[PDB]
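To start, the structure under review is shown below, and the notes come after it.
So basically every Cβ, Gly included, is an ideal-geometry build from the backbone, and we count neighbours across all protein chains shown. Throughout, read-outs are computed from the coordinates displayed, never taken from laboratory work.
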RNA sequence: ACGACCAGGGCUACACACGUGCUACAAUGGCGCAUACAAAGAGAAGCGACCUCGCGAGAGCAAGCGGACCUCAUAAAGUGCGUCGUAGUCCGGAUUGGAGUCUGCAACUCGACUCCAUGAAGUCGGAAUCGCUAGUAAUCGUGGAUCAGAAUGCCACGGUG
RNA sequence: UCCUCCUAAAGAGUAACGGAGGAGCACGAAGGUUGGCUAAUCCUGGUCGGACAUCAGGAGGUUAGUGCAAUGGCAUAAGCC
Ligand SMILES: [Mg+2]
Ligand SMILES: [Mg+2]
Ligand SMILES: [Mg+2]
Ligand SMILES: [Mg+2]
Ligand SMILES: [Mg+2]
Ligand SMILES: [Mg+2]
Ligand SMILES: [Mg+2]
Ligand SMILES: [Mg+2]
Ligand SMILES: [Mg+2]
Ligand SMILES: [Mg+2]
Ligand SMILES: [Mg+2]
Ligand SMILES: [Mg+2]
Ligand SMILES: [Mg+2]
Ligand SMILES: [Mg+2]
Ligand SMILES: [Mg+2]
Ligand SMILES: [Mg+2]
Ligand SMILES: [Mg+2]
Ligand SMILES: [Mg+2]
Ligand SMILES: [Zn+2]
């Protein structure tokens with residue numbers, strides 16, 4: 001709740017000034033944090049599904065969703081109803097207590113870290129980002145990972161454009177470039 | 001254990017253990033443990049913690065995992081992109097320092113490979 | 001590499017020629033049969049043509065080349081592939 | 001939030017060796033330190049170091065002269 | 001001109017196959033410290049000790065010798081005390097980058113060597129084949145010839161056996 | 001022998017060695033009811049992820065689906081939990 005104690009009191013004091021707004025509704029707001037760590041390789045063992053349904057559950061304290069394949073593709077050995085994906089969604093204050101663990105600790109901890117490039121907003125300001133490995137969230141034991149497989153953080157926000165949604169994250173000195 | 005970017009095993013000694021970084025062998029590995037006041041047959045385990053707090057200060061005055069790999073794979077691409085003879089021996093995949101390639105260029109040419 | 005304390009090598013017949021050719025400016029390509037000279041910094045921005053074994057090959061010399069010798073932009077024997 | 005099937009969450013200290021004391025709740029249990037602190041990290045003061053290009057006139061005139 | 005002078009290239013290229021050798025795949029062994037015993041050679045445009053600067057190749061100064069006098073020259077295997085604990089390993093050094101030394105008009109195609117990095121392939125090798133009957137095979141080092149610099153081959157001598 | 005559209009002439013019906021297709025089963029839920037939900041497809045961003053796995057909005061609005069052939073239905077969904 002610490003970053004949200006920072007946000008409502010000391011981000012609107014910039015995002016009201018630099019963008020010519022009337023109300024407190026016109027500033028963008030964060031909406032949700034979603035954590036997809038999909039295992040597309042769980043056809044050879046069910047353990048690779050459920051371990052990938054636990055290894056991101058230990059990061060942020062929720063049991064995750066074993067989401068299924070939507071439609072069918074003959075190529076990649078999938079049909080309607082194969083549990084391949086793992087998803088976590090966070091809203092409200094747990095979003096802030098995870099955003100703290102991302103941007104204070106797990107953002108410089110990644111190997112060969114040189115910032116996160118300035119265009120990942122898909123033209124509407126809703127962010128997307130992707131790690132390559134799990135231990136950079138420091139909440140894992142070292143030699144207690146069966147494999148290495150990253151996830152992708154997606155910060156869905158109420159941003160409206162690429163010019164006007166970026167400054168929200170840049171107000172928390174998001175290590176762009 | 002987590003020293004300068006990536007981890008270091010604990011059961012090995014200090015001198016053999018610090019060589020797990022990309023860019024320290026058995027010369028800088030005694031430079032660090034003689035410019036930081038540590039012995040050489042104590043492990044990463046049964047150290048203290050401030051010893052790591054100053055060993056991490058000592059290591060990062062060199063060029064390490066990020067900087068070494070970026071400089072080496074910078075210089076290789078620079079040597080490629082002029083037309084230098086080391087550049088052509090890079091971008092053909094053949095030995096560069098003047099080896100005999102009628103036979104025995106195998107470390108650059110990969111495997112033994114019939115037509 | 002050379003011993004350093006002898007200094008770098010360059011022929012006289014290319015050193016005097018290049019100090020004349022800077023102070024007469026012409027980018028008519030200067031040809032040479034001396035492919036062993038350490039390229040000097042005041043040779044930056046010249047079109048010389050080094051022998052290769054058969055003919056001259058033209059070399060336009062930039063800032064990047066000035067460590068090396070004039071041979072390493074004339075590949076000697078032709079090769080295409082079996 | 002369901003009352004049972006989600007794991008533990010308790011406050012634990014996360015200090016760094018450059019002196020960033022902090023508290024965060026997680027499931028890690030033990031007191032967990034930090035190596036790299038982004039209040040002095042080499043991203044805003046330490047990513048110039050790689051470029052290492054140099055004028056070739058400078059590499060020429062560092063080792064000898066005429 | 002199939003003669004003769006000169007600069008620069010070429011014999012050293014590489015999709016592959018064969019023959020000969022070196023180094024290993026490790027505990028009868030890696031690494032670090034101390035400690036003993038050889039033989040046969042070579043040297044004036046040469047061998048170049050002592051002393052100082054250099055992390056090291058080596059530059060600095062200048063005695064000694066046509067040599068049972070002086071140099072090259074320290075033998076290594078071994079023996080003692082540690083460390084190591086069966087792992088692609090502190091095994092193995094291939095290949096590549098950065099910085100240097102020397103002979104030499106000149107090390108780009110192409111020289112050896114030392115330091116800092118990098119640490120591939122390989123866990124005793126298929127059918128078939130090779131050498132040896134006592135100071136022998138098997139391993140260990142040293143010298144010489146050709147040579148301004150440049151052999152893991154060639155020719156020599158001993159150490160364990 | 002049975003089933004679907006057309007020939008069939010705006011109601012039913014109407015033939016040929018005329019023009020095209022499916023059946024001789026399944027389901028203990030794929031049934032009754034309550035509560036709730038809404039698609040195919042391409043663009044853009046993203047860990048291995050590629051033209052097509054999963055995740056994000058976003059356009060578009062049944063161009064999708066029904067245990068199977070067509071034809072007629074279908075949002076109160078008869079489609080999906
Ligand atoms: Mg190293
Ligand atoms: Mg080394
Ligand atoms: Mg000639
Ligand atoms: Mg020959
Ligand atoms: Mg063979
Ligand atoms: Mg040993
Ligand atoms: Mg001699
Ligand atoms: Mg000295
Ligand atoms: Mg070794
Ligand atoms: Mg080295
Ligand atoms: Mg192997
Ligand atoms: Mg074994
Ligand atoms: Mg010789
Ligand atoms: Mg013998
Ligand atoms: Mg009718
Ligand atoms: Mg049914
Ligand atoms: Mg796309
Ligand atoms: Mg219904
Ligand atoms: Zn720190």
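Yes/no per residue for (1) on the phi > 0 side of the Ramachandran plot; (2) within 16 Å of ligand 2 (Cβ to nearest atom); (3) without any contact (Cβ under 8 Å) to a residue 24 or more places away in the chain; (4) part of a strand (DSSP E or B):
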| site | (1), (2), (3), (4) |
| --- | --- |
| B:9 | no, no, no, no |
| B:24 | no, yes, no, no |
| B:31 | no, yes, yes, no |
| B:37 | yes, no, yes, no |
| B:45 | no, no, no, no |
| B:48 | no, no, yes, no |
| B:52 | no, no, no, no |
| B:56 | no, no, no, no |
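Does residue D:54 satisfy being at positive phi, without any contact (Cβ under 8 Å) to a residue 24 or more places away in the chain and within 14 Å of chain C (Cβ to nearest Cβ)?
yes
So is residue D:49 assigned to a loop (DSSP other than H, G, I, E, B) and within 14 Å of chain C (Cβ to nearest Cβ) or not?
In short, no.
Restricting to region A:136-167, count the residues that are touching a residue at least 12 places away in the same chain (Cβ under 8 Å) and within 14 Å of chain D (Cβ to nearest Cβ).
5
Output the residue which, of all residues in region B:16-27 that are closer than 14 Å to residue B:58 by Cα and crowded, with 18+ Cβ neighbours inside 10 Å, is farthest from RNA strand E (Cβ to nearest atom).
Filtering region B:16-27 for residues that are closer than 14 Å to residue B:58 by Cα and crowded, with 18+ Cβ neighbours inside 10 Å, the one farthest from RNA strand E (Cβ to nearest atom) comes out as B:18.
Mind checking which residues of region B:100-115 are within 6 Å of RNA strand E (Cβ to nearest atom), surrounded by fewer than 10 Cβ atoms within 10 Å (Cβ to Cβ) and not in a helix (DSSP H, G or I)?
B:100, B:102, B:103, B:112, B:113, B:114, B:115
Check C:50, C:57 and return the single one that is within 23 Å of residue D:56 (Cα to Cα), surrounded by 10 or more Cβ atoms within 10 Å (Cβ to Cβ), in contact (Cβ under 8 Å) with a residue 12 or more places away in the chain and within 14 Å of another protein chain (Cβ to nearest Cβ).
It is C:50.
Of the numbered conditions (1) part of a loop (DSSP other than H, G, I, E, B); (2) crowded, with 17+ Cβ neighbours inside 10 Å; (3) in contact with a strand residue (DSSP E or B) (Cβ under 9 Å, 6 or more places away or on another chain), residue A:142 fails exactly one; give the number of that condition.
Answer for residue A:142: the failing condition is (2).
Of the residues A:106, A:118, A:170, which single one is within 14 Å of chain D (Cβ to nearest Cβ) and surrounded by fewer than 19 Cβ atoms within 10 Å (Cβ to Cβ)?
Going through A:106, A:118, A:170 in turn, the sole match is A:170.
Any chance region D:47-54 includes a residue that's exposed (fewer than 10 other Cβ atoms within 10 Å of the Cβ), more than 16 Å from RNA strand E (Cβ to nearest atom) and closer than 19 Å to residue A:138 by Cα?
No; the residues of region D:47-54 include none that is exposed (fewer than 10 other Cβ atoms within 10 Å of the Cβ), more than 16 Å from RNA strand E (Cβ to nearest atom) and closer than 19 Å to residue A:138 by Cα.
Which of the residues belonging to region A:145-167 are buried (at least 18 other Cβ atoms within 10 Å of the Cβ) and in contact with a helix residue (DSSP H, G or I) (Cβ under 8 Å, 6 or more places away or on another chain)?
The answer is A:149, A:153, A:155, A:157, A:159, A:167.
Which of the residues belonging to region C:38-82 are within 11 Å of RNA strand E (Cβ to nearest atom) and part of a strand (DSSP E or B)?
Once the filter is applied, which keeps residues that are within 11 Å of RNA strand E (Cβ to nearest atom) and part of a strand (DSSP E or B), region C:38-82 yields C:38, C:50, C:51, C:56, C:57, C:69.
Identify the residue in region B:71-85 that is facing another protein chain (nearest Cβ under 7 Å) and assigned to a loop (DSSP other than H, G, I, E, B) and, among all such residues, is surrounded by the most Cβ atoms within 10 Å (Cβ to Cβ).
B:84
For residue D:29, are the conditions met, namely being more than 16 Å from ligand 1 (Cβ to nearest atom), touching a strand residue (DSSP E or B) at 6+ places or on another chain (Cβ under 8 Å), on the phi > 0 side of the Ramachandran plot and part of a loop (DSSP other than H, G, I, E, B)?
Yes: the conditions hold for residue D:29.
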